[PDB]
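The structure under discussion appears below in the form of structure tokens.
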Amino acid sequence: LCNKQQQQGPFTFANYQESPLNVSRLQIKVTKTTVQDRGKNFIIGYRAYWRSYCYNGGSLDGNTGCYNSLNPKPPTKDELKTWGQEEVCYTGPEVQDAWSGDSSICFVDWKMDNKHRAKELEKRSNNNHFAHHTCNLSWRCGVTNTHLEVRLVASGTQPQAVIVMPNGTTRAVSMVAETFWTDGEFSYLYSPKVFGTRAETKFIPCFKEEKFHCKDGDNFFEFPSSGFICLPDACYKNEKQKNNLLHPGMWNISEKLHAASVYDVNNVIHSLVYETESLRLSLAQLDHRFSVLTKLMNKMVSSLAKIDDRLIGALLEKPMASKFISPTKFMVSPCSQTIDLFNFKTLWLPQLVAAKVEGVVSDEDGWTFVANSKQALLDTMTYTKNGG
Amino acid sequence: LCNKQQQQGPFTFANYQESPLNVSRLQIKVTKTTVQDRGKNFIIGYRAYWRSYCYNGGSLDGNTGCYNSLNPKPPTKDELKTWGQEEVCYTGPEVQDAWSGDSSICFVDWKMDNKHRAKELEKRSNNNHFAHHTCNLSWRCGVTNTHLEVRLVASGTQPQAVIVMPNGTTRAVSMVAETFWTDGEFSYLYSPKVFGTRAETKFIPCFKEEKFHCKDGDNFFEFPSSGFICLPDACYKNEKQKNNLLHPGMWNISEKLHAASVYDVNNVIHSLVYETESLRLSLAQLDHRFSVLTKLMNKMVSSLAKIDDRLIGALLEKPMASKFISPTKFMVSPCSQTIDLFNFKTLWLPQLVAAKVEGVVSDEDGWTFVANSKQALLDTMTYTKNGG
Amino acid sequence: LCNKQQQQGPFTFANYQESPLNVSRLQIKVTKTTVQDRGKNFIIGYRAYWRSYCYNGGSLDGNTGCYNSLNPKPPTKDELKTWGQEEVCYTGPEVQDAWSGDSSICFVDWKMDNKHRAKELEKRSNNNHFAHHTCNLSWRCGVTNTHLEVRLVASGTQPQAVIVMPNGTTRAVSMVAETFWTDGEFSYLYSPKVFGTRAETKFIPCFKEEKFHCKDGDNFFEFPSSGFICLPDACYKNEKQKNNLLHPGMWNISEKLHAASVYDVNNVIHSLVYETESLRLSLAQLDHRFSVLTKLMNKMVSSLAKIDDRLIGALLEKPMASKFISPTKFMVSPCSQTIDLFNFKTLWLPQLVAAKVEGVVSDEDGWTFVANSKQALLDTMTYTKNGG
């Protein structure tokens, strides 16, 4: 029995209210600028010669001695074109122990006609012909056909296509014809199919938090305040600010040159574990909520099924009638428009995601070719060989 | 009052239906091939000598001059074994300013007996003994005991154990005895406890999406179409295709040579933020659903508890009776088999995960030993010292 | 009709119970030790000279020949201070083809007074003055002002501030005045605003799993057993073990020197996809649970609304009365304290997270300055030029 004598209240049922959240999903309409060019579009060729012009007139003659030089002869544009097309470099002649008469070979304007697939010079010299000159001449050359990835910078407005050097220096790509240049021993030719930049209009998905965290294919980036940002391979400008002149957000060039340490990646790993534990806490909390709901609903049905003896059968989708032998125990006997009480929509599921990994600039095939060639020159120039 | 006069319908209750998803959890039975070998199993030894054999017969003699050479003398197999075991390299004698009679020391077949822990050569020469020969001889040597990580490639079927060079070239590991080889100055000996490959049968967990995203310890990889893939350290072959000859999926060798840039890792960071925001959206949506449910259930209990005055006490697990003073306000007075309406199972929780981070090949102890030794040779060969 | 004749049971309602989880959220009170110093606090200066002192007395004289040397003259502390302050290095004189009388210039104690912004030496020599000495002298120097990041090690208890060399060697920072040192050609001066270490008391968030996975700003780390760990930039000591002497957990120095490979980062990517699929499975499972709940609640309301014809209107928050024309179809006609049945709290949401990415030691500005200077010395010392 109860004591209906004495009340307490009045009471109300406390509702649960979700915590408001400012994260929304946006499709941001942008103009996307790229400078992509596919295939072997970059040719690198080097050429130099070691020259040793000596005279032996004895220790009394002031002209007794050697005049040695390492001279770079970078190929011309058309030379480099036929080198890459033939995968072959052309040099002058290999001169060894050419004395008094033939020593004039040291200054000929040799008109390069010796063809090699690859050729390293020999650092050889000798001055053992008395009262006479001696000539030694050795050539080096190399060529490679690679693919060059051109990047985008700003320097102001109007993103520009550039080539990034391993030292950090940037070189503008010519928008008229076949950017070519020369640096010491090396000559570089970049020949893309089409010139300039490409621009497309597209929507990129973002999450608005003051802060926009966006995605475009395998690119992931924080979209800035003014709706204009440049990544290495692409620039994203928000229309509505299409007709505005703005300096875009600039990527740091050093991030593409310098490698990431094992410790940095292990830190990202630890941050992922921390977020996975935080995620597991949220999931466990929702699991406990579902357990509370099933306990409440079990008691609610136990109360209502006493009045409606067909309810438990409708819940189980089998025709039956219920009869309780106890407030908790029961026995079982055998037997247009819609309204939405929930307004539940389809559940947003985080999609799969794979970030782009490209490496560092020095690891690129062209700059690796350059670095190896220079290292080979160091390796061959360690000591002088006797051309005797 | 209501107007029971005028109806509208008939209506129905709209149910909520979850969106179907093709992601399943699979335990995939595979044969796993490894080539693991633990401990110091790799010995690297280098040796060379600088020789300067000069003759001074005056400027008239054609034989006046120096014959200099850097000659590599890589140790033999048994030599390298006793070097690593003793942590000591053996070379010939240090010859300095040995002239006419002792200059014959420049060609002796020296029978290496000078022991060093570490030894760099000196590039010294002198030709200041008239009518006489002069000899200079300087030796270099080094040794190291390291651990070598052997990888697996395919070249077809039947994954093979190999050593990967920093330049990308691969060298097969002998499956008979103690793979040994020589390259210029250096000699390499790899001595594992057991030869060949090891194969184990195991189940790896995966998520089936056409696409399989798997995990094995700290290895994470996309399992391919034909159920055969090779990673650097292990190959995974699906039985059912155990008896089939297939080329496995091959890892790209360059991914283990070339480092990842700071920009790449920052991109993964941005992709993680994007996924965390997407995750927060899903969690907030489920939070709003729970708020809607508690509001509905509060009204449902307020309706049913009017009929069953003991229900609210059963929900609160305290004996009490209810009496409503209003459609929303009430006062309170003091007082085998089971059926599953929910069929709820235990909630799948994402487990913790830590990917393996190993670095690049050039950073390995053996190849760092090689690279430093070569750099030391460059450093010592910059100029000739006078052995006078 | 039913057959109230024949029962079955008694039955009970099976509740759902959540799976217990040991992950908790902790605010761990720690003493945090840092050695941070902001700005250009590191000066590096190098200086050397190439000297070629030759004598030409003919092939008969034993003193005929060249005495050449590369000599390092690292600047003093005050010299390096005025170099960095002026961005200018001071050297001796450039001597070329100074013979018999002026050849005494090769040993003068030159009292460096030649100012350069940057200066590379030339490796030039000549011995073409008979019965006379010849002198050649060429200088090199450089300076840079950079920011040095000092790290923390243990060697026992009491974390210590150190500078990490690219080779892995560590050099203690003086806690008294302006740590200065000299290595060959180079001199290094590090001048921080304040000396020693800084310690702050703070709470860091963690997830307790035996295992603690913590976060501090952009630092993410596993907090160890004894509550004492040192990262590169900071050490975390748990009070309660404030008064205890413990060796802290030590970070591996090689993780900050060696870069992470593209394959390592792609593995983290694959581990993220695996966790995202696992997360999607959990979300889909909760989505199916909500679908089951709405189906149960729809039938429960259809049963109770037959008794309370105003209930459906209260659920829809519109005044109406219901009247069922079928067990599933109905028509519609127009019309203090609280109790918590749920005890639901605000949902824990995983917050955003961005790990710190700093790169490798060799990529630091100071060590890049050093590495480039040494490479320039190699480049300039490839062959001797005639000072004639």
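Can you pull out the residues in the stretch A:148-165 that are touching a helix residue (DSSP H, G or I) at 6+ places or on another chain (Cβ under 9 Å) and under 27 Å from residue A:78 (Cβ atoms)?
Scanning the stretch A:148-165 gives A:148, A:164, A:165.
Could you check the stretch B:119-147 and list, in sequence order, the residues that are under 27 Å from residue A:376 (Cβ atoms), not basic (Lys, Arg) and not in a strand (DSSP E or B)?
Hits for the stretch B:119-147 are B:120, B:121, B:122.
Among the residues of the stretch C:20-48 satisfying the criterion of being at the interface with chain A (Cβ under 7 Å from one of its Cβ atoms) and surrounded by 13 or more Cβ atoms within 10 Å (Cβ to Cβ), which is farthest from the chain's Cα centre (by Cα)?
Within the stretch C:20-48, the subset at the interface with chain A (Cβ under 7 Å from one of its Cβ atoms) is C:21, C:23, C:25.
From the residues that got through so far, the ones that are surrounded by 13 or more Cβ atoms within 10 Å (Cβ to Cβ) too are C:21, C:23.
Working: C:21: 33, C:23: 28 Å.
Ranking the qualifying residues of the stretch C:20-48, first place goes to C:21.
Please name all residue pairs, on different chains or six or more residues apart, with Cβ atoms under 6 Å, provided the first residue is in the stretch C:51-62 and is more than 7 Å from every other protein chain (Cβ to nearest Cβ) and part of a loop (DSSP other than H, G, I, E, B) and the second residue is crowded, with 22+ Cβ neighbours inside 10 Å and among the β-branched types (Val, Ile, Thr).
Final answer for the pair search is none.
May I ask you to verify whether residue A:34 is touching an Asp or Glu at 6+ places or on another chain (Cβ under 7 Å) and of a type in the set (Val, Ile, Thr)?
For residue A:34, the condition - touching an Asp or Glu at 6+ places or on another chain (Cβ under 7 Å) and of a type in the set (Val, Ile, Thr) - is met.
Return the only residue of A:206, A:141, A:235 being assigned by TED's automatic domain parsing to the domain that holds residue A:86 and surrounded by 21 or more Cβ atoms within 10 Å (Cβ to Cβ).
A:141
Going by the structure shown, is residue C:291 surrounded by fewer than 23 Cβ atoms within 10 Å (Cβ to Cβ), over 30 Å from residue A:265 (Cα atoms) and either of a type in the set (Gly, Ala, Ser) or within 43 Å of the chain's Cα centre (by Cα) (or both)?
yes
Looking at the structure I just gave you, is residue A:379 in contact with a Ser or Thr (Cβ under 6 Å, 6 or more places away or on another chain), of a type in the set (D, E, K, R) and more than 7 Å from every other protein chain (Cβ to nearest Cβ)? It would help to see each step written out before you state the result.
Details: in contact with a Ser or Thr (Cβ under 6 Å, 6 or more places away or on another chain): no; of a type in the set (D, E, K, R): yes; more than 7 Å from every other protein chain (Cβ to nearest Cβ): yes.
No: the conditions fail for residue A:379.
Being touching a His at 6+ places or on another chain (Cβ under 6 Å) and surrounded by 19 or more Cβ atoms within 10 Å (Cβ to Cβ), is that true of even one residue in the stretch A:298-314?
no
More than 10 Å from chain A (Cβ to nearest Cβ) and part of a loop (DSSP other than H, G, I, E, B) - does that describe any residue in the stretch B:303-310?
No; the residues of the stretch B:303-310 include none that is more than 10 Å from chain A (Cβ to nearest Cβ) and part of a loop (DSSP other than H, G, I, E, B).
Determine if the stretch B:63-83 includes at least one residue that is touching a helix residue (DSSP H, G or I) at 6+ places or on another chain (Cβ under 6 Å), buried (at least 17 other Cβ atoms within 10 Å of the Cβ) and hydroxyl-bearing (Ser, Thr, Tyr).
No, that holds for no residue.
Of these, B:362, B:336, which one is assigned to a loop (DSSP other than H, G, I, E, B), more than 8 Å from chain A (Cβ to nearest Cβ), surrounded by fewer than 19 Cβ atoms within 10 Å (Cβ to Cβ) and small (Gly, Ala, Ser)?
Matching residue, one of B:362, B:336: B:362.
Restricting to the stretch B:331-388, what's the tally of residues that are closer than 30 Å to residue C:19 by Cβ and small (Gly, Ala, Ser)?
Going through the stretch B:331-388 one residue at a time, the tally reaches 3.
Return the residue satisfying two criteria in turn: it lies in the stretch A:176-195 and is surrounded by 12 or more Cβ atoms within 10 Å (Cβ to Cβ) and out of contact with any strand residue (DSSP E or B) (no Cβ under 6 Å at 6 or more places or on another chain), and of such residues it is farthest from residue A:139 (Cα to Cα).
Within the stretch A:176-195, the subset surrounded by 12 or more Cβ atoms within 10 Å (Cβ to Cβ) is A:178-183, A:185-192, A:195.
Next cut, out of contact with any strand residue (DSSP E or B) (no Cβ under 6 Å at 6 or more places or on another chain) only: A:178, A:182-183, A:191-192, A:195.
Values: A:178: 28, A:182: 18, A:183: 18, A:191: 27, A:192: 31, A:195: 36 Å.
Step by step, filter the stretch A:176-195, then rank; the result is A:195.
Considering C:341, C:315, which residue is closer than 24 Å to residue B:306 by Cβ, assigned to a loop (DSSP other than H, G, I, E, B) and at the interface with another protein chain (Cβ under 7 Å from one of its Cβ atoms)?
After applying the criteria, what remains is C:341.
Run residue C:324 past the list (1) in contact with a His (Cβ under 6 Å, 6 or more places away or on another chain); (2) more than 8 Å from chain B (Cβ to nearest Cβ) and report the number of the one that doesn't hold.
Condition (1) is where residue C:324 drops out.
Name every residue in the stretch C:253-287 that is part of a helix (DSSP H, G or I), in contact with a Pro (Cβ under 9 Å, 6 or more places away or on another chain) and more than 7 Å from chain B (Cβ to nearest Cβ), in order of residue number.
Listed by number, the residues that qualify are C:255, C:256, C:257.
Does residue C:326 fit the bill of being assigned to a loop (DSSP other than H, G, I, E, B), under 30 Å from residue B:9 (Cα atoms) and not β-branched (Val, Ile, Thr)? Lay out the reasoning, then the answer.
On the way: assigned to a loop (DSSP other than H, G, I, E, B): yes; under 30 Å from residue B:9 (Cα atoms): yes; not β-branched (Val, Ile, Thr): yes.
It is true that residue C:326 is assigned to a loop (DSSP other than H, G, I, E, B), under 30 Å from residue B:9 (Cα atoms) and not β-branched (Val, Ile, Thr).
Numbers and lists here come from the model and the stated rules, or from a named source; these are not laboratory values. Here Cβ is always computed from backbone atoms with ideal geometry, including for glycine, and neighbour counts include all displayed protein chains.
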